[PDB]
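Raw contents of data-v6.pdb, PDB, C-alpha atoms and all ligand atoms:
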```pdb
ATOM      1  CA  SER A  96     114.932 188.990   0.225  1.00  0.00           C
ATOM      2  CA  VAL A  97     117.688 187.757  -2.128  1.00  0.00           C
ATOM      3  CA  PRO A  98     120.515 190.286  -2.633  1.00  0.00           C
ATOM      4  CA  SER A  99     120.105 192.549  -5.688  1.00  0.00           C
ATOM      5  CA  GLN A 100     122.149 191.692  -8.779  1.00  0.00           C
ATOM      6  CA  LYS A 101     121.047 194.720 -10.794  1.00  0.00           C
ATOM      7  CA  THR A 102     123.936 196.445 -12.566  1.00  0.00           C
ATOM      8  CA  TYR A 103     124.630 200.049 -11.553  1.00  0.00           C
ATOM      9  CA  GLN A 104     127.741 201.988 -12.580  1.00  0.00           C
ATOM     10  CA  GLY A 105     126.726 204.744 -10.186  1.00  0.00           C
ATOM     11  CA  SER A 106     128.533 208.003  -9.470  1.00  0.00           C
ATOM     12  CA  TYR A 107     132.022 206.653 -10.148  1.00  0.00           C
ATOM     13  CA  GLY A 108     131.299 204.891 -13.443  1.00  0.00           C
ATOM     14  CA  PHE A 109     131.948 201.479 -11.925  1.00  0.00           C
ATOM     15  CA  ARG A 110     132.603 198.681 -14.413  1.00  0.00           C
ATOM     16  CA  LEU A 111     134.282 195.263 -14.244  1.00  0.00           C
ATOM     17  CA  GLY A 112     137.138 194.110 -16.452  1.00  0.00           C
ATOM     18  CA  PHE A 113     139.030 190.861 -16.938  1.00  0.00           C
ATOM     19  CA  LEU A 114     142.410 189.938 -18.413  1.00  0.00           C
ATOM     20  CA  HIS A 115     142.353 188.824 -22.028  1.00  0.00           C
ATOM     21  CA  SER A 116     143.978 185.534 -21.036  1.00  0.00           C
ATOM     22  CA  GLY A 117     142.834 183.217 -23.825  1.00  0.00           C
ATOM     23  CA  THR A 118     142.012 179.526 -23.446  1.00  0.00           C
ATOM     24  CA  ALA A 119     145.298 177.587 -23.412  1.00  0.00           C
ATOM     25  CA  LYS A 120     145.479 174.526 -21.142  1.00  0.00           C
ATOM     26  CA  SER A 121     147.734 176.324 -18.654  1.00  0.00           C
ATOM     27  CA  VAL A 122     145.249 179.144 -17.961  1.00  0.00           C
ATOM     28  CA  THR A 123     143.726 179.052 -14.462  1.00  0.00           C
ATOM     29  CA  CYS A 124     141.275 181.906 -15.072  1.00  0.00           C
ATOM     30  CA  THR A 125     139.635 182.896 -18.359  1.00  0.00           C
ATOM     31  CA  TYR A 126     136.714 185.219 -18.997  1.00  0.00           C
ATOM     32  CA  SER A 127     134.183 184.929 -21.810  1.00  0.00           C
ATOM     33  CA  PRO A 128     133.004 188.386 -22.966  1.00  0.00           C
ATOM     34  CA  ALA A 129     130.305 186.724 -25.059  1.00  0.00           C
ATOM     35  CA  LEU A 130     128.939 184.900 -22.016  1.00  0.00           C
ATOM     36  CA  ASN A 131     129.895 187.327 -19.245  1.00  0.00           C
ATOM     37  CA  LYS A 132     131.261 184.239 -17.538  1.00  0.00           C
ATOM     38  CA  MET A 133     134.526 183.426 -15.778  1.00  0.00           C
ATOM     39  CA  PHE A 134     136.010 179.933 -16.004  1.00  0.00           C
ATOM     40  CA  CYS A 135     138.533 179.194 -13.271  1.00  0.00           C
ATOM     41  CA  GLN A 136     140.395 176.541 -11.289  1.00  0.00           C
ATOM     42  CA  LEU A 137     139.827 175.792  -7.594  1.00  0.00           C
ATOM     43  CA  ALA A 138     142.045 177.875  -5.288  1.00  0.00           C
ATOM     44  CA  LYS A 139     143.817 179.536  -8.230  1.00  0.00           C
ATOM     45  CA  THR A 140     144.336 183.284  -8.701  1.00  0.00           C
ATOM     46  CA  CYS A 141     141.288 184.897 -10.311  1.00  0.00           C
ATOM     47  CA  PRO A 142     142.011 188.534 -11.296  1.00  0.00           C
ATOM     48  CA  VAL A 143     138.961 190.792 -11.357  1.00  0.00           C
ATOM     49  CA  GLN A 144     139.379 194.382 -12.533  1.00  0.00           C
ATOM     50  CA  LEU A 145     137.621 197.454 -11.190  1.00  0.00           C
ATOM     51  CA  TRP A 146     137.275 200.284 -13.703  1.00  0.00           C
ATOM     52  CA  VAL A 147     136.027 203.720 -12.651  1.00  0.00           C
ATOM     53  CA  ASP A 148     135.482 207.052 -14.407  1.00  0.00           C
ATOM     54  CA  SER A 149     136.195 208.870 -11.147  1.00  0.00           C
ATOM     55  CA  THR A 150     138.257 207.800  -8.112  1.00  0.00           C
ATOM     56  CA  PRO A 151     136.238 206.750  -5.040  1.00  0.00           C
ATOM     57  CA  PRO A 152     137.694 208.282  -1.843  1.00  0.00           C
ATOM     58  CA  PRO A 153     139.847 206.097   0.467  1.00  0.00           C
ATOM     59  CA  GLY A 154     137.668 204.196   2.904  1.00  0.00           C
ATOM     60  CA  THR A 155     135.700 202.823  -0.032  1.00  0.00           C
ATOM     61  CA  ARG A 156     135.202 199.052   0.145  1.00  0.00           C
ATOM     62  CA  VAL A 157     134.725 196.310  -2.470  1.00  0.00           C
ATOM     63  CA  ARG A 158     132.522 193.342  -1.608  1.00  0.00           C
ATOM     64  CA  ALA A 159     132.081 190.002  -3.384  1.00  0.00           C
ATOM     65  CA  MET A 160     129.220 187.532  -2.913  1.00  0.00           C
ATOM     66  CA  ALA A 161     128.072 184.357  -4.675  1.00  0.00           C
ATOM     67  CA  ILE A 162     124.409 183.551  -5.377  1.00  0.00           C
ATOM     68  CA  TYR A 163     122.677 180.772  -7.308  1.00  0.00           C
ATOM     69  CA  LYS A 164     121.537 181.670 -10.820  1.00  0.00           C
ATOM     70  CA  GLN A 165     118.384 179.559 -11.068  1.00  0.00           C
ATOM     71  CA  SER A 166     115.300 181.059  -9.399  1.00  0.00           C
ATOM     72  CA  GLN A 167     114.507 177.834  -7.509  1.00  0.00           C
ATOM     73  CA  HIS A 168     117.904 177.935  -5.781  1.00  0.00           C
ATOM     74  CA  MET A 169     118.262 181.709  -5.288  1.00  0.00           C
ATOM     75  CA  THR A 170     117.185 181.623  -1.638  1.00  0.00           C
ATOM     76  CA  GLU A 171     119.789 178.986  -0.793  1.00  0.00           C
ATOM     77  CA  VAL A 172     123.070 180.313   0.615  1.00  0.00           C
ATOM     78  CA  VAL A 173     126.044 179.449  -1.598  1.00  0.00           C
ATOM     79  CA  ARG A 174     128.600 177.658   0.560  1.00  0.00           C
ATOM     80  CA  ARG A 175     131.396 175.103   0.292  1.00  0.00           C
ATOM     81  CA  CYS A 176     130.794 171.348   0.211  1.00  0.00           C
ATOM     82  CA  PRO A 177     131.303 169.238   3.392  1.00  0.00           C
ATOM     83  CA  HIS A 178     134.540 167.762   1.993  1.00  0.00           C
ATOM     84  CA  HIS A 179     136.162 171.131   1.307  1.00  0.00           C
ATOM     85  CA  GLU A 180     134.573 172.862   4.295  1.00  0.00           C
ATOM     86  CA  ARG A 181     136.290 170.225   6.458  1.00  0.00           C
ATOM     87  CA  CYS A 182     139.584 169.856   4.573  1.00  0.00           C
ATOM     88  CA  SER A 183     141.567 172.453   6.556  1.00  0.00           C
ATOM     89  CA  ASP A 184     142.773 174.693   3.692  1.00  0.00           C
ATOM     90  CA  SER A 185     141.826 177.898   5.498  1.00  0.00           C
ATOM     91  CA  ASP A 186     144.446 180.653   5.500  1.00  0.00           C
ATOM     92  CA  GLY A 187     143.568 181.662   9.056  1.00  0.00           C
ATOM     93  CA  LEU A 188     141.310 184.511   7.948  1.00  0.00           C
ATOM     94  CA  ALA A 189     138.646 182.988   5.717  1.00  0.00           C
ATOM     95  CA  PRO A 190     135.872 180.982   7.350  1.00  0.00           C
ATOM     96  CA  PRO A 191     136.142 177.364   6.096  1.00  0.00           C
ATOM     97  CA  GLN A 192     132.572 177.558   4.733  1.00  0.00           C
ATOM     98  CA  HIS A 193     133.203 180.552   2.463  1.00  0.00           C
ATOM     99  CA  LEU A 194     133.406 179.827  -1.270  1.00  0.00           C
ATOM    100  CA  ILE A 195     135.093 183.115  -2.160  1.00  0.00           C
ATOM    101  CA  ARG A 196     138.382 184.309  -0.684  1.00  0.00           C
ATOM    102  CA  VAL A 197     140.770 187.145  -1.479  1.00  0.00           C
ATOM    103  CA  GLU A 198     144.475 186.339  -1.649  1.00  0.00           C
ATOM    104  CA  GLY A 199     147.317 188.815  -1.206  1.00  0.00           C
ATOM    105  CA  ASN A 200     145.457 191.289   1.006  1.00  0.00           C
ATOM    106  CA  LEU A 201     146.000 191.437   4.779  1.00  0.00           C
ATOM    107  CA  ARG A 202     143.110 193.900   5.105  1.00  0.00           C
ATOM    108  CA  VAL A 203     140.597 191.332   3.848  1.00  0.00           C
ATOM    109  CA  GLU A 204     137.341 191.095   5.826  1.00  0.00           C
ATOM    110  CA  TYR A 205     134.782 188.283   5.937  1.00  0.00           C
ATOM    111  CA  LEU A 206     131.109 188.461   6.829  1.00  0.00           C
ATOM    112  CA  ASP A 207     128.401 186.030   7.803  1.00  0.00           C
ATOM    113  CA  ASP A 208     125.293 188.197   7.498  1.00  0.00           C
ATOM    114  CA  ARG A 209     123.457 188.131  10.824  1.00  0.00           C
ATOM    115  CA  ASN A 210     120.051 188.111   9.121  1.00  0.00           C
ATOM    116  CA  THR A 211     120.479 186.399   5.750  1.00  0.00           C
ATOM    117  CA  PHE A 212     123.378 184.080   6.712  1.00  0.00           C
ATOM    118  CA  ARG A 213     125.036 184.841   3.371  1.00  0.00           C
ATOM    119  CA  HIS A 214     128.806 184.939   3.010  1.00  0.00           C
ATOM    120  CA  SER A 215     130.755 187.832   1.528  1.00  0.00           C
ATOM    121  CA  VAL A 216     134.343 189.029   1.382  1.00  0.00           C
ATOM    122  CA  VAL A 217     135.416 192.686   1.395  1.00  0.00           C
ATOM    123  CA  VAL A 218     138.634 194.583   0.730  1.00  0.00           C
ATOM    124  CA  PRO A 219     139.508 198.304   0.814  1.00  0.00           C
ATOM    125  CA  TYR A 220     139.351 199.950  -2.610  1.00  0.00           C
ATOM    126  CA  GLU A 221     142.800 201.058  -3.740  1.00  0.00           C
ATOM    127  CA  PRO A 222     143.373 203.232  -6.842  1.00  0.00           C
ATOM    128  CA  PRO A 223     144.991 201.689  -9.980  1.00  0.00           C
ATOM    129  CA  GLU A 224     148.559 200.413  -9.488  1.00  0.00           C
ATOM    130  CA  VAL A 225     151.441 201.708 -11.610  1.00  0.00           C
ATOM    131  CA  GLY A 226     151.108 200.427 -15.172  1.00  0.00           C
ATOM    132  CA  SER A 227     147.370 199.785 -15.108  1.00  0.00           C
ATOM    133  CA  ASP A 228     144.229 201.892 -15.558  1.00  0.00           C
ATOM    134  CA  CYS A 229     142.133 199.564 -13.395  1.00  0.00           C
ATOM    135  CA  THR A 230     142.283 198.163  -9.850  1.00  0.00           C
ATOM    136  CA  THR A 231     142.826 194.394  -9.621  1.00  0.00           C
ATOM    137  CA  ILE A 232     141.576 192.038  -6.898  1.00  0.00           C
ATOM    138  CA  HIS A 233     142.757 188.421  -6.724  1.00  0.00           C
ATOM    139  CA  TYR A 234     139.858 186.143  -5.803  1.00  0.00           C
ATOM    140  CA  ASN A 235     139.957 182.435  -5.015  1.00  0.00           C
ATOM    141  CA  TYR A 236     137.003 180.076  -5.374  1.00  0.00           C
ATOM    142  CA  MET A 237     137.393 177.212  -2.906  1.00  0.00           C
ATOM    143  CA  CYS A 238     134.940 174.720  -4.407  1.00  0.00           C
ATOM    144  CA  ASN A 239     134.392 173.191  -7.833  1.00  0.00           C
ATOM    145  CA  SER A 240     131.036 173.722  -9.531  1.00  0.00           C
ATOM    146  CA  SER A 241     130.927 169.917  -9.726  1.00  0.00           C
ATOM    147  CA  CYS A 242     131.270 169.468  -5.952  1.00  0.00           C
ATOM    148  CA  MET A 243     128.546 167.151  -4.691  1.00  0.00           C
ATOM    149  CA  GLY A 244     126.906 168.361  -1.499  1.00  0.00           C
ATOM    150  CA  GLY A 245     127.757 171.940  -2.387  1.00  0.00           C
ATOM    151  CA  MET A 246     126.938 173.748  -5.612  1.00  0.00           C
ATOM    152  CA  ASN A 247     126.440 170.332  -7.261  1.00  0.00           C
ATOM    153  CA  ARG A 248     126.743 171.683 -10.829  1.00  0.00           C
ATOM    154  CA  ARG A 249     124.276 174.489 -10.110  1.00  0.00           C
ATOM    155  CA  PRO A 250     125.399 177.715 -11.860  1.00  0.00           C
ATOM    156  CA  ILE A 251     126.306 180.742  -9.720  1.00  0.00           C
ATOM    157  CA  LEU A 252     126.863 184.489 -10.084  1.00  0.00           C
ATOM    158  CA  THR A 253     129.466 186.594  -8.340  1.00  0.00           C
ATOM    159  CA  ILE A 254     128.140 190.015  -7.346  1.00  0.00           C
ATOM    160  CA  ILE A 255     130.696 192.799  -6.932  1.00  0.00           C
ATOM    161  CA  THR A 256     129.526 195.859  -5.009  1.00  0.00           C
ATOM    162  CA  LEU A 257     131.259 199.170  -4.403  1.00  0.00           C
ATOM    163  CA  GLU A 258     130.335 200.675  -1.028  1.00  0.00           C
ATOM    164  CA  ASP A 259     131.563 203.635   1.017  1.00  0.00           C
ATOM    165  CA  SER A 260     133.011 203.520   4.541  1.00  0.00           C
ATOM    166  CA  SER A 261     129.489 203.881   5.949  1.00  0.00           C
ATOM    167  CA  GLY A 262     128.032 201.032   3.897  1.00  0.00           C
ATOM    168  CA  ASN A 263     126.242 203.178   1.320  1.00  0.00           C
ATOM    169  CA  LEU A 264     125.846 201.488  -2.075  1.00  0.00           C
ATOM    170  CA  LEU A 265     127.970 203.176  -4.764  1.00  0.00           C
ATOM    171  CA  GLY A 266     127.844 200.662  -7.598  1.00  0.00           C
ATOM    172  CA  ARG A 267     127.171 197.064  -8.569  1.00  0.00           C
ATOM    173  CA  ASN A 268     128.169 194.593 -11.251  1.00  0.00           C
ATOM    174  CA  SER A 269     128.114 190.826 -11.673  1.00  0.00           C
ATOM    175  CA  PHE A 270     129.435 187.868 -13.654  1.00  0.00           C
ATOM    176  CA  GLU A 271     128.742 184.143 -13.881  1.00  0.00           C
ATOM    177  CA  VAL A 272     131.498 181.793 -12.760  1.00  0.00           C
ATOM    178  CA  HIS A 273     132.215 178.113 -13.410  1.00  0.00           C
ATOM    179  CA  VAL A 274     134.881 176.487 -11.233  1.00  0.00           C
ATOM    180  CA  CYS A 275     136.460 173.551 -13.062  1.00  0.00           C
ATOM    181  CA  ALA A 276     139.640 171.615 -13.868  1.00  0.00           C
ATOM    182  CA  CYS A 277     139.988 172.813 -17.467  1.00  0.00           C
ATOM    183  CA  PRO A 278     138.678 176.421 -17.683  1.00  0.00           C
ATOM    184  CA  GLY A 279     140.079 177.038 -21.182  1.00  0.00           C
ATOM    185  CA  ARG A 280     138.413 173.899 -22.524  1.00  0.00           C
ATOM    186  CA  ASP A 281     135.086 174.690 -20.841  1.00  0.00           C
ATOM    187  CA  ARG A 282     135.088 178.227 -22.228  1.00  0.00           C
ATOM    188  CA  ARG A 283     135.583 177.036 -25.816  1.00  0.00           C
ATOM    189  CA  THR A 284     132.876 174.389 -25.371  1.00  0.00           C
ATOM    190  CA  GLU A 285     130.298 176.765 -23.925  1.00  0.00           C
ATOM    191  CA  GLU A 286     131.038 179.421 -26.561  1.00  0.00           C
ATOM    192  CA  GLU A 287     130.502 177.032 -29.481  1.00  0.00           C
ATOM    193  CA  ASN A 288     127.198 175.920 -27.933  1.00  0.00           C
TER
HETATM  194 ZN    ZN A 301     133.732 171.366  -2.698  1.00  0.00          ZN
END
```
Is it possible to express this structure as structure tokens?
Amino acid sequence: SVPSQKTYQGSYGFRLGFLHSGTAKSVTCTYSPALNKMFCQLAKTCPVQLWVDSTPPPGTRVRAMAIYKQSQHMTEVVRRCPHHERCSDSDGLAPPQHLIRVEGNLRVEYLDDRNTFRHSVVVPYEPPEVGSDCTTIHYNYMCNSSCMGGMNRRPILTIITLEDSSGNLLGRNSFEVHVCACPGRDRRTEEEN
């Protein structure tokens, strides 16, 4: 079946957070609290915060996966468009077909699920850095929502899951994401509508 997208804070009080970045033209990633929706530019840094009430032990892993929002497209694997999946922009770790990457982490791990064929990217959980009360992961989305032959304007969710070293589910959250050229503009537009 389709991966679960049901929210669960779980034992560690797992919640997601996002920078309050506003909607100026220069912004490459902006989150709409009202919409629970991230607007971001292709290949740009996309900070996602992990907030916990208790610290998960080292060995804990954080996985990200994209799925289609509409029920008629839920069974279809979210993947990059032919153009981008053949454009050689791979960092030498990410499979060229994967929509979601993590930048700035040499311990990043990618998975093609042997049964479901779905793509996901995982990193080790690290506790909050100095000066912050949350843990931040920098994601990159390697296709535009507009990309023909890929998402083709079909809305998607990103599902973030907290799992232990043995693969046991600890927590889950999710947010919608729209990859576009003018994220600030799109956020304002969708919030007025
Ligand atoms: Zn594309």
Nearby polymer residues, ligand ZN 301 (chain A), at most 12 Å, all atoms listed in the file, as a PyMOL selection string: chain A and resi 137-138+173-182+184+191-195+236-248+274-275
Hits of the PyMOL selection byres (((chain A and resi 210) around 12) and not hetatm) in this structure, as a count of residues only: 12
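The residue that comes closest to residue A:122, out of A:229, A:217, A:277, A:265 and on the basis of all atoms listed in the file, is A:277.
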Between atom CA of residue A:150 and atom CA of residue A:219 - distance in Å to one decimal: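 According to the coordinates, atom CA of residue A:219 and atom CA of residue A:150 are separated by 13.1 Å.
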Distance of atom CA of residue A:235 from atom CA of residue A:119, expressed in Å to one decimal place: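 One can read the atom CA of residue A:119 to atom CA of residue A:235 distance as 19.8 Å.
Atom CA of residue A:285 sits 17.2 Å away from atom CA of residue A:115.
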Using the chain letters and numbers from the file, give me the residues hit by the PyMOL selection byres (((chain A and resi 252-257) around 7) and not hetatm), as a PDB file with C-alpha atoms, in the coordinates of the input.
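For reference, expr_4.pdb as written:
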```pdb
ATOM      1  CA  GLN A 100     122.149 191.692  -8.779  1.00  0.00           C
ATOM      2  CA  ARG A 156     135.202 199.052   0.145  1.00  0.00           C
ATOM      3  CA  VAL A 157     134.725 196.310  -2.470  1.00  0.00           C
ATOM      4  CA  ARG A 158     132.522 193.342  -1.608  1.00  0.00           C
ATOM      5  CA  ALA A 159     132.081 190.002  -3.384  1.00  0.00           C
ATOM      6  CA  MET A 160     129.220 187.532  -2.913  1.00  0.00           C
ATOM      7  CA  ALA A 161     128.072 184.357  -4.675  1.00  0.00           C
ATOM      8  CA  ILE A 162     124.409 183.551  -5.377  1.00  0.00           C
ATOM      9  CA  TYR A 163     122.677 180.772  -7.308  1.00  0.00           C
ATOM     10  CA  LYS A 164     121.537 181.670 -10.820  1.00  0.00           C
ATOM     11  CA  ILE A 251     126.306 180.742  -9.720  1.00  0.00           C
ATOM     12  CA  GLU A 258     130.335 200.675  -1.028  1.00  0.00           C
ATOM     13  CA  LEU A 264     125.846 201.488  -2.075  1.00  0.00           C
ATOM     14  CA  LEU A 265     127.970 203.176  -4.764  1.00  0.00           C
ATOM     15  CA  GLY A 266     127.844 200.662  -7.598  1.00  0.00           C
ATOM     16  CA  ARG A 267     127.171 197.064  -8.569  1.00  0.00           C
ATOM     17  CA  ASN A 268     128.169 194.593 -11.251  1.00  0.00           C
ATOM     18  CA  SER A 269     128.114 190.826 -11.673  1.00  0.00           C
ATOM     19  CA  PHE A 270     129.435 187.868 -13.654  1.00  0.00           C
ATOM     20  CA  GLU A 271     128.742 184.143 -13.881  1.00  0.00           C
ATOM     21  CA  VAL A 272     131.498 181.793 -12.760  1.00  0.00           C
TER      22      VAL A 272
END
```
